[PDB]
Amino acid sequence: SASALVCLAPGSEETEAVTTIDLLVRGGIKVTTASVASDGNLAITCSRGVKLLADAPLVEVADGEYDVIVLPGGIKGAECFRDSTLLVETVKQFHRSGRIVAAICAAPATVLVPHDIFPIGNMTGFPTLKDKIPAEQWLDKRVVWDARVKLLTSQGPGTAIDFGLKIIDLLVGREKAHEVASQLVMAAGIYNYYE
C-alpha cells in the first residue's frame, strides 16, 4: 500500500492537516503522523487550539519508506518545521530518493524557500505570503504540481481538499481520486478527477 508521513508541530493548521489525513485514508493510503519540534511529545496544539495526538516522534519515523512527506501550514507550525534540522534534512532526503514533497499555506515560503530545497521549482502558497516566494517561482493557483521535482504545493485551509485529492491521484491514481472526491459533497470549482 502507498503511504504518507504527515508532519505536525505546535501551531500547525488543523484544518489543513486533518482534511489531508482524512482524504489520504479514504484513498487507501496508510498515514503516519509525526510530531516535530516537540522533543518527542505527541500532543500537538494546533493554530486554533485543536489538540491532536501524533503517532510518533519524527526522529523515530523519518527514515521510513513513505511515498510522500506532507507539511501542513500554520504560521508557527511552519516556523517549527523550518527551524528543525531533522525536518529539513528529512524533506531533502525524500526528494533525493525520488519521493514526493507536499506543502500547503505557509509551509512553502517558510520551509522550502529559506533552505533552497527547490531552487527553480514552481510553487504556490498562501496568497498574502506571495512576497516570500521568489517571483520567478510563484504561481497563484489552488494547487501546483511540479512533476519535474515532485513538489506539490497548495494555498490554504480552503484548498486542503484539492491538495489531498492530488496526492491521491499521484500515489494511487485518477480513479481513486475521483472515488474519494465523490464521497465529499465538494464545492463547485474544485476538480473531481472524473476527467
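In case it trips you up, residue 1 is the first one in the sequence shown, and so on.
Student: Comparing 122-130 with 153-161, which has the greater mean CA B-factor as deposited?
Tutor: Going by the record's values, the stretch with the higher mean is 122-130.
Student: Would 104-112 or 91-99 have the larger average of its C-alpha temperature factors, as given in the entry?
Tutor: In the deposited entry, the stretch with the higher C-alpha B-factor mean is 91-99.
Student: According to the Cα B-factor stored in this entry, which of the following is highest: 61, 69, 143, 167?
Tutor: Checking the PDB record, the top C-alpha B-factor among 61, 69, 143, 167 is at 61.
Student: Lowest, middle or highest third: where is residue 2 by Cα B-factor in its chain?
Tutor: Top third by C-alpha B-factor.
Student: Place residue 51 in the lowest, middle or highest third of its chain's C-alpha B-factors, as listed in the PDB entry.
Tutor: It belongs to the highest third of the chain when residues are ordered by C-alpha B-factor.
Student: Compared with the other modelled residues in the chain, in which third is the CA B-factor of residue 193?
Tutor: According to the entry, residue 193 has a C-alpha B-factor in the chain's middle third.
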